[PDB]
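Since the structure comes first, as structure tokens, the remarks are kept for the end.
What's counted below: heavy atoms across the whole structure, side chains too, no hydrogens, waters or symmetry copies. Within every chain, numbering begins at 1; the chains are lettered A, B, ... in the order of the sequence lines, protein sequences first and strands thereafter.
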2 protein chains.
Amino acid sequence: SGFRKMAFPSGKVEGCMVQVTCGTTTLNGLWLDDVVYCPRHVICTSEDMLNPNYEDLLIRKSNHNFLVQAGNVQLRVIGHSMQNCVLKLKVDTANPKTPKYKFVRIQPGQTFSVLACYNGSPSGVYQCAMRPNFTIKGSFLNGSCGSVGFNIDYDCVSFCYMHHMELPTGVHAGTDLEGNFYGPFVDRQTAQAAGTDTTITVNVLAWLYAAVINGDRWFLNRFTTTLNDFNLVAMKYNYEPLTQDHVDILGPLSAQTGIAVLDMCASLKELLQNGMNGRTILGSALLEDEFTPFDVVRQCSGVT
Amino acid sequence: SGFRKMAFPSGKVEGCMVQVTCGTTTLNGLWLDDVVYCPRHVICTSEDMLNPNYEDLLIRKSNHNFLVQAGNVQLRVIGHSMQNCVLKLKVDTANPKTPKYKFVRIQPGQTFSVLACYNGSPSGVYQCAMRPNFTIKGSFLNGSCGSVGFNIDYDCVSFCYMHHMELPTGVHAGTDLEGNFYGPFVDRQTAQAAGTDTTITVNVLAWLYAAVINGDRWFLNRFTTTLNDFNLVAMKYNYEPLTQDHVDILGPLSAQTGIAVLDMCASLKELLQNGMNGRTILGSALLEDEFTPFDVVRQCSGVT
Ligand SMILES: Cc1cc(CN(C)C(=O)NC2CC2)no1
Ligand SMILES: Cc1cc(CN(C)C(=O)NC2CC2)no1
């Protein structure tokens, strides 16, 4: 029993983190096979970041200008290319700790673990969601650039995020491992404002199911609703619309608890309209939206 | 910027987890050098757990009755002993992934990371505190027994907790790595009720400092207080008494922010008396107490 904001064990990713330095800029790289992936930011001065022309800045850079250090051993760079907003540095040594891996582009509302790194060295691990406005709410200081987000399916690491930057509002933006930003963000130090950070409704519902499974039941009410009625209330409270696809995804939690998804929606509707009245659910005074239905099943079933 | 509930990178501990089976009971062991540490519970049936005599149960057990598997390779048990509530199984192979390590007994209010494991396999990592009633609020299913809690200082893992059991209230109790329970708990399936789960005041203050550093400042007020005045309010709200030792520990955060500790106490006093009025601090609607002053400095400074 008990329900925690749980990250994947980070060991497989720790084995992939390196330091990348270009001139005076140091950040983190991801070493998979004989390729180090890092933000193309590695080539900018902070001056450059106001209006960088990355193709033009990159002409001035040779293989030997990219210093890649794995622990306290230097890797030899034998090639480099820009793919979207990442650099791929070809090194002469395959990472011997390369796990089975994939590159995946996640959807908003999907959760993942972040291994926060500085100078190629892991500092901590925490669990994030891709927000509906394609930001994440991370913990990243200067030097954390190139830290990665990931899911693990048994022995396969799915890399979904690389950290590039902090918006003036102190929320975070980054890319998939093909170098494509999530959302409309660019790797330039300019006016970039996030859209509405809506609540990930299907995740809140999943977490309410987790609460019931773990004995927190006070919020269960005598009502039901419909998707259309619930969605009118969702819209008013800046919750994402709930679709039949979300209802289908919550089916196994519905089955395990015997609470119909639309009944849990009606409980959630009352919590939105009435508030918590100073009560807590799984030690929270707000409705948690950074657990997916898959996360709740995993943590409630003990998957390794 | 941003502030997350962050665990230590788990790789160094992942390398130490094994499966221990005795008869029909499987749980997790910690493999350091040529010793596997596991809950003495490994020898009980669930029937046994109602009133176990561990010395008597252990007479019936030989080295060959303890099955230790590291990945899919069996370790040879060449000796076994009971130390308090843990078994030490001597194996014929030193763990080649043994990190630098210490065994430490933490105080209430100290935080640590838990690597939740099942069948010797890591499932997740999350951050815990030793509660003032010597419980922890974990996420542990059947089979999670022997999962460990730890801190890391650069390259040295300090092991502070091993998971033994769940109280009927769904909170958790365990031992240090010498096999001594935190608090008054015993490894028997009996009436064990936790005392008052008070709030770790010095940790709340640390987290309010983290909030100020990260731009959440709305709760800063025009008041100050004294330790004695604050403590009258703390007692009323089931907060731990704040000592001058806690004030001293918060000194560096005081210095960094320029908010006197007693001023932050007065802000906290107003939050206790007035509530949050539906506002959040670092994305929380309650006062978080599972960050130590050391945690806040570490996460705010980017220590690896
Ligand atoms: C603060 C903060 C920084 C970041 C990522 N970033 C832009 C950097 O690390 N820049 C340094 C490496 C040249 N995210 O939040
Ligand atoms: C639920 C729950 C279980 C636990 C730890 N424990 C008692 C076990 O794993 N018992 C199984 C191994 C024989 N903590 O919470």
task: Please step through side chain to side chain contact (heavy atoms under 4.5 Å, CB included) for the pair A/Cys38 and A/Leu27, ending with a clear verdict.
output: CA-CA 8 Å; A/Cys38 80; A/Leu27 44 57; 4.1 Å; yes
- prompt: Checking B/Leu286 against chain A: side chain, backbone, both or neither under 4.5 Å from a heavy atom?
  reply: both
Heavy-atom pairs under 4.5 Å with chain B, option from A/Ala7, A/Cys300, A/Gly11, A/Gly215 with the top count: A/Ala7
message: Distance check, rounded to the nearest 0.5 Å: A/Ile152 atom CD1 versus A/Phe159 atom CZ?
response: 8.5 Å
task: Compare every heavy atom of A/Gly146 with every heavy atom of A/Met17, then report the nearest pair and how far apart it is.
output: CE-O, 4.0 Å
- request: Look at atom CZ of B/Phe219 and say whether more than 12 heavy atoms of other residues, nucleotides or ligands are closer to it than 6.0 Å.
  value: yes
- prompt: Given A/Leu271 and A/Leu208, is the side chain to side chain contact (heavy atoms under 4.5 Å, CB included) satisfied, shown in steps?
  reply: CA-CA 11 Å; A/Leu271 283 169; A/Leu208 288 174; 4.1 Å; yes
message: Is any side-chain heavy atom of B/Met130 closer than 4.5 Å to one of B/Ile136?
response: yes
- prompt: Is any side-chain heavy atom of B/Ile200 closer than 4.5 Å to a side-chain heavy atom of B/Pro132?
  reply: yes
- prompt: Relative to chain B, which of A/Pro9, A/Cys117, A/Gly2, A/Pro122 shows the most heavy atom pairs under 4.5 Å?
  reply: A/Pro9
- prompt: What residue in B/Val303, B/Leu141, B/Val114, B/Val171 has the most heavy-atom pairs under 4.5 Å with chain A?
  reply: B/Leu141
Could you list each donor and acceptor atom pair linking chain B to chain A at less than 3.5 Å?
| residue | atom | partner | partner atom | Å |
| --- | --- | --- | --- | --- |
| B/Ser1 | N | A/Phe140 | O | 2.7 |
| B/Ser1 | N | A/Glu166 | OE2 | 2.7 |
| B/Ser1 | O | A/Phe140 | N | 3.2 |
| B/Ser1 | O | A/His172 | NE2 | 3.3 |
| B/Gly2 | O | A/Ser139 | OG | 3.1 |
| B/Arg4 | NE | A/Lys137 | O | 2.8 |
| B/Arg4 | NH1 | A/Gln127 | O | 3.2 |
| B/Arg4 | NH1 | A/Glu290 | OE1 | 3.4 |
| B/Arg4 | NH2 | A/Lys137 | O | 2.8 |
| B/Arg4 | NH2 | A/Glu290 | OE1 | 2.8 |
| B/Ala7 | N | A/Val125 | O | 2.9 |
| B/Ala7 | O | A/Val125 | N | 2.7 |
| B/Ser10 | N | A/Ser10 | OG | 3.0 |
| B/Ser10 | N | A/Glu14 | OE2 | 3.2 |
| B/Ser10 | OG | A/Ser10 | N | 3.0 |
| B/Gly11 | N | A/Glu14 | OE2 | 2.7 |
| B/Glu14 | OE2 | A/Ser10 | N | 3.2 |
| B/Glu14 | OE2 | A/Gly11 | N | 2.7 |
| B/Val125 | N | A/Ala7 | O | 2.7 |
| B/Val125 | O | A/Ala7 | N | 2.9 |
| B/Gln127 | O | A/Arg4 | NH1 | 3.2 |
| B/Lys137 | O | A/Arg4 | NE | 2.8 |
| B/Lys137 | O | A/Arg4 | NH2 | 2.8 |
| B/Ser139 | OG | A/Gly2 | O | 3.1 |
| B/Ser139 | OG | A/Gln299 | OE1 | 2.6 |
| B/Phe140 | N | A/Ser1 | O | 3.2 |
| B/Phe140 | O | A/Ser1 | N | 2.7 |
| B/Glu166 | OE2 | A/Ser1 | N | 2.7 |
| B/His172 | NE2 | A/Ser1 | O | 3.3 |
| B/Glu290 | OE1 | A/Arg4 | NH1 | 3.4 |
| B/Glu290 | OE1 | A/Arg4 | NH2 | 2.8 |
| B/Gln299 | OE1 | A/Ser139 | OG | 2.6 |

- line: Residue from B/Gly170, B/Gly138, B/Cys128 scoring the most non-hydrogen pairs under 4.5 Å with chain A is B/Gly138
A/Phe8 ring center within less than 6.0 Å of A/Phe112 ring center: no
